[PDB]
Structure formats: structure tokens, C-alpha cells
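Take a look at this single chain in C-alpha cells; it is the form deposited in one PDB entry.
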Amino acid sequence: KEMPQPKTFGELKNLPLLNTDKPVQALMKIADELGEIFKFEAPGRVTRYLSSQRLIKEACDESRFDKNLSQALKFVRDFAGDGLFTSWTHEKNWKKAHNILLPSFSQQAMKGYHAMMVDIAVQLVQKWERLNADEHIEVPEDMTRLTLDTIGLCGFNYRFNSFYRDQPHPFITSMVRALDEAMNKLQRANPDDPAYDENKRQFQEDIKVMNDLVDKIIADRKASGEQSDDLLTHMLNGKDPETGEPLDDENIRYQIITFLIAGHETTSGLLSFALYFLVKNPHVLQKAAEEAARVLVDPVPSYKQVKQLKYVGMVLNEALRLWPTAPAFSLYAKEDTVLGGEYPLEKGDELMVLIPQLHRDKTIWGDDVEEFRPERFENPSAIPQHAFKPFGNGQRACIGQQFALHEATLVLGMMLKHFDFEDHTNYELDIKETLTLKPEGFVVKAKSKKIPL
């Protein structure tokens, strides 16, 4: 089997196809044209983009394939270091931190974070309750204020107070500008041109701001002796059951930077796409709003009431089906192997999983793959293995999955209990790409149902 390949630019091969603000959407269009697998070549590199459940189920075999750091992850590693997301599976600090942090992220741990999540969710509802007639909501802006504040308070008992300001925290200015520079460098065909010298100075200054501010939070907590039930305490106190070793202060810094990036870029996208799909599908909004009214019978939602929001959970999974907010992950072949009885790979060969194309595989989902239908997720047991992968694969899957879904279910539940929503501009979906996807310029009007907190 001779693999399809998209159009080429002489010595640059396929590299200029990623010279776009929307690289994942460009690759999705290539997938639609070429099918379940295509080769992508750059000077000094080759990867293969996978779109079918048939081939992705093989790529998800951990005995054959392991997590690869894509070029983007190698650039983020310059500030995220050997934190869980930018570490190789074979680095000592990956398994150590995984073993130490897994119990901090379990479904049972969510009982402990619930009160803090409610504190921030109530601030969002009170902001929207206090808007004047015909003012509107900047949805991804307010969802990012919420998710950043939530990880701040659950992560290290720190209040970013995002609802009190329009200008970001100094840590966040440097973090956003570092992420943008990392993503900007992917397309850069000539990195050493002194026209990029300024970008280079700004990056080193941003890395130094993040390192200095997180190193101070760690030193401050060690100085205070405070045992708050948060990730920083779990990381200062925890021993890996395997090595019997704790994490060192440098790695703790990288984990905090990692979790702050995740808290800014991830759940906020999911919540924005979920609200987009509800205002575009008013019958689906009615079903989710009915569930919220029937279930959330107290002014403060309980942990148990959030677990009871089955249809709200189905809405979130259907948003993740169409627009998985972390849309691609990279693997390498552990040994020589043959993919799908047709494509021979050598040890070291790279694969990319295109999660939005996986989630549109008609052999799995049927012919209506573009329709927003939460009822696809009524019965978890009816989804085949490796057909739905918004949180990645195996031991390198998302450690934050339970945290992300608990926060999103709680917040979306309270939003549907407290307000009616209007797509007052007839918003045209415009997907901005960083590491993650968000609907840029998505705005709505909310009308209070006047239910007290």
C-alpha cells in the first residue's frame, strides 16, 4: 500500500501547509481528501496522520506505540520541563510524578475539590446575574476566568481573582506569550534570521518570569508549614510507592506550570463549545435545562447532585466528539511493525492521531456524524474501544479527565439552572488554535430565571 501525501513545495516538502493560524483544521481537510492515513514530510522529518478507528485502535496498543513529543511539545518543554505533559514515558520523573499525583486526580478526590469549584462557579453566576439589560457575555473570556481560578484554588490555594480584573496576572501574560511563541515556531522555515532575535529575547524573559514566580509559591508554602488539601501539599508530602522518593522542588515547579497551562487552555474550550452547541440546538438546550432544574434543587449544588446530571454529561461528551479541545497526540513505533496489515513502520517512526477525524468515522458513528446528538452517549457500554479518545490513550491519557468533567458538569449545570441563553448575533463558528481549540468571539445574552443562590 502506497500512502497518500498532500501537495508539496519543492525542497520544503509539506512544511508550508502548516503556515496557517488554523493547522489542525487544515489537516482535517487533508484527511477528508486523502482518507484514513497520509504521509507528511518536512525538511529532516516525516510523520503519518491517522483518522480511522481501524488504524487508531492499533496505534493505541501500548505494547507497540508510546507517546512522542511532537515539535510543538518540544518547544513547550522549554518552559513546562519534565512535567507530566512534556516528559517521555522513559524519564524517571514521568512515572514518579504519575504515581504520586494519580490519587490527587481520582473521582474520589473530586469530593475534596467540590467546595472550591462551587466558590468559583458561584462567582461566575453572580457576575452574569449582575449584568444590565442588553449587555452580553464574552463566553471563552469568562470560561477562562473560571477555569484559571479553579486550578489556582484547587492547585495551590491561590486566588487569581480573574472576575475582579480585565488585565491578566503577570504569570499569565508571560505564559500566553510563551505558548504563542512555541506555536509560532512550528511554521518558521528560517529560525536563525536576526528578524526573530526579539522573539528569542522575549521568550527567555517569559521563561524566567514563570520560573521565578512559581519557585516563590513553593518556597512560601515550605516557609508557612500550611497543609491545605491541594496539589502543592500532595507534591511536598507524597512519596512514589515505586522508588520511595518524593518529587524535587524543580520538578514540582514544572508540574505547577503544567497544571496552570492546562487550567487556562482546556476545560474553558469544552465549556465554550458546549454552550455554542446548546444555543445552536434549542431542543437539546431544553433537555439539559430541564435536567438542571429537576436535579439542582438546592441553592449550592452538592457532589452527588453533579453526579446525577447524566444529560449534562452527555452534552459535554458530544461537544468533545465534534471538537475535542486537545485535538491531536503523537506516537512512535517501539519496534518495527506493520500498521493495519498494509503500512510497514521502522522502530522510531512517528504517527499523529487526528482526534476530530476519529470522532467523524462513519463506520463507527453512522452517517449523521456532523449532527449534535448527546443521545449517542446514553449508554457508555455501546461506544467501542478506542472510538472516542478526547483524553488521549492508556498510561499517558489525561490525568485531569475527572477534574475537567466535574468542573464542566457543575458549571454548565448551574448556568442552565440560572439563565435562559440567546445567540443574539447568530454567531458564525470561528475556531482559534493554540495547543487547544476555542470558539473565538463567541458571545451570548443571558436572561436570569431569578432563582436565588
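The first residue of the sequence shown is number 1, and the count goes up from there. So that the term is clear: the rigid core is the largest set of C-alpha atoms that superpose within 1.5 Å between two forms.
Just so you know, the form deposited in another entry exists too; it's not on screen, but the next bit is about it.
Just one residue from the list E318, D82, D206, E291 crosses the 2 Å line for C-alpha shift between this form and the one not shown on a rigid core fit, and it is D206. Core-superposed comparison between this form and the one not shown: CA of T173 displaced by 2 Å or more. For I217, the Cα coordinates differ by 2 angstroms or more between this form and the one not shown after the core has been superposed. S106 is among the residues whose C-alpha shifts by 2 Å or more between this form and the one not shown once the rigid core is aligned.
A change of 3 Å or more separates the two forms for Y164 and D212: their C-alpha atoms lie closer together in the other entry.
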